[PDB]
Each structure stands twice: as C-alpha cells, then as structure tokens.
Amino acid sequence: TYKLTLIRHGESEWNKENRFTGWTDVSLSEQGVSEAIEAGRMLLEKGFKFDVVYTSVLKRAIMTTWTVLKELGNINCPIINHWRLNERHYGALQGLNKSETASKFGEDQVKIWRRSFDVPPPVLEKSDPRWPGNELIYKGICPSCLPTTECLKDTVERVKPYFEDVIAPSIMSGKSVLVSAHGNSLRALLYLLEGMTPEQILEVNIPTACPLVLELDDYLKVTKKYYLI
C-alpha cells in the first residue's frame, strides 16, 4: 500500500582511512560522490520521482542527496535535514584509527562497542572540541539531545519519534519519500519497520549508495523489501 525508499551514502574521506566517524562532519570521498551519481542514475532508470527527501545534518548525506537529485532531474525536491537521522555517535572513538583505538583502549572492547546493541563507547567532556555542543550546526537544539556517546539502542530510540511524527505523516499523505542517511540510522528504521529483535538487526548489513525499497502496510510495517541492483 505504501512505498518508502532508503539510501545510505557512499564512502567518506575517513572510510579509506579506517577511522571511526559517527557525528564527525566529514566529507564524501571522490568515490563516494561517484557512487551517489550512479545511485541517482539507477533511480532515474527505474522511474523514481520524490516529493520530499529526509536526510541528516551531516554534510556527507546532504551532498549524497543533492547529487542523487541532480541525476534525477529533481533538484526542486524539498529536502528536510534533521539530527535524528545522524549516524550513530561513537563517543571517544571518533577521529581515531582502528589502530589508534587499539592502543588507547582495549583492542577487544573496541570491537565490543562496534558489534553490540546496548554497550556505548566512552564519553566526551564538554571542553573537548569533538562534543556536538561546540558545532554551530547544533546551536539551538535541546542540550539533552546532544550525545557524548551512543550505542545502537540509543540511536533507534532517537530515530523512532522522527519516523512516527515526521516521516510517517508524509508517507500517509501519499508523498513519494526518500530517506538519505547513514548505516546506523537506516538500520534503526529497519529494526522499527520490520519489528526486529536486537540480535536480528546486528545481522543486517546495508550496502553503500544502494537504494533499498520498502513496501509497507496500512500500519506502516514492511511487507517486502528489495535493492535496486
């Protein structure tokens, strides 16, 4: 009855560098841009046209969105950015190498923080530049929202009301909706829309810059899903 399209951005300048990103506002790589261009063209070929795009406040997803819309000849499409679609926050792991985290922290407990549903990385102090309350992007936002760290549980819990109060009404109104976001925000949506267990979402991998189409219920629950590939 309903149709929702999801897309995660291509590789960033830190994916190659093997660096934990999270809320760090890092650029797409040259390859990440080209991946967006191909996603756009794939969507054009498959006859897609969107009435609204929901994205995060992170430039790599916003640039992905702009690139896809250009290829769709749909740059007039309204875009709404919101922090609730941000990638999962990685706390003290942010900005560090796979090797640098292995040095400062336990090499094994870092792998716990990435592969777990309910265990978050260490907290950032407010004085630390990395803390989101330093960026002008989050200037007028309720302080309690701005994380020092996040686990996957924390991400699903802040994505959920955004779907409920914002994306869901758009869907229900008959709009063609794209959600252009990140790995963890999109998995949060899947977990919610498919009605998954915590262990079930840990088994889910979303490929980069690859449009995922969800067909939905009257109740907005996934009846079927497929990639445009």
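One-based numbering along the sequence shown.
Q: Compare the mean C-alpha B-factor of 128-136 with that of 151-159 as given in the PDB entry, and name the stretch with the higher value.
A: Looking at the recorded C-alpha B-factors, 128-136 comes out higher on average.
Q: Taking the chain's C-alpha temperature factors as the reference, tell me which third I112 falls into: lowest, middle or highest.
A: Its C-alpha B-factor, which the entry lists for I112, ranks in the middle third among residues of this chain.
Q: Quick check on the deposited entry: does the C-alpha B-factor of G47 sit in the lowest, middle or highest third of its chain?
A: Its C-alpha B-factor belongs to the highest third of this chain's values.
Q: Looking at the entry's B-factor column for C-alpha atoms only, identify whether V213 ranks in the lowest, middle or highest third of its chain.
A: Its C-alpha B-factor, which the entry lists for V213, ranks in the middle third among residues of this chain.
Q: State the tercile, meaning the lowest, middle or highest third, of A61 with respect to the CA B-factors recorded for its chain.
A: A61: CA B-factor falls in the lowest third of its chain.
Q: Quick one: classify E71 as lowest, middle or highest third of the chain based on its Cα B-factor.
A: As the PDB entry reports it, the C-alpha B-factor of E71 lands in the middle third of its chain.
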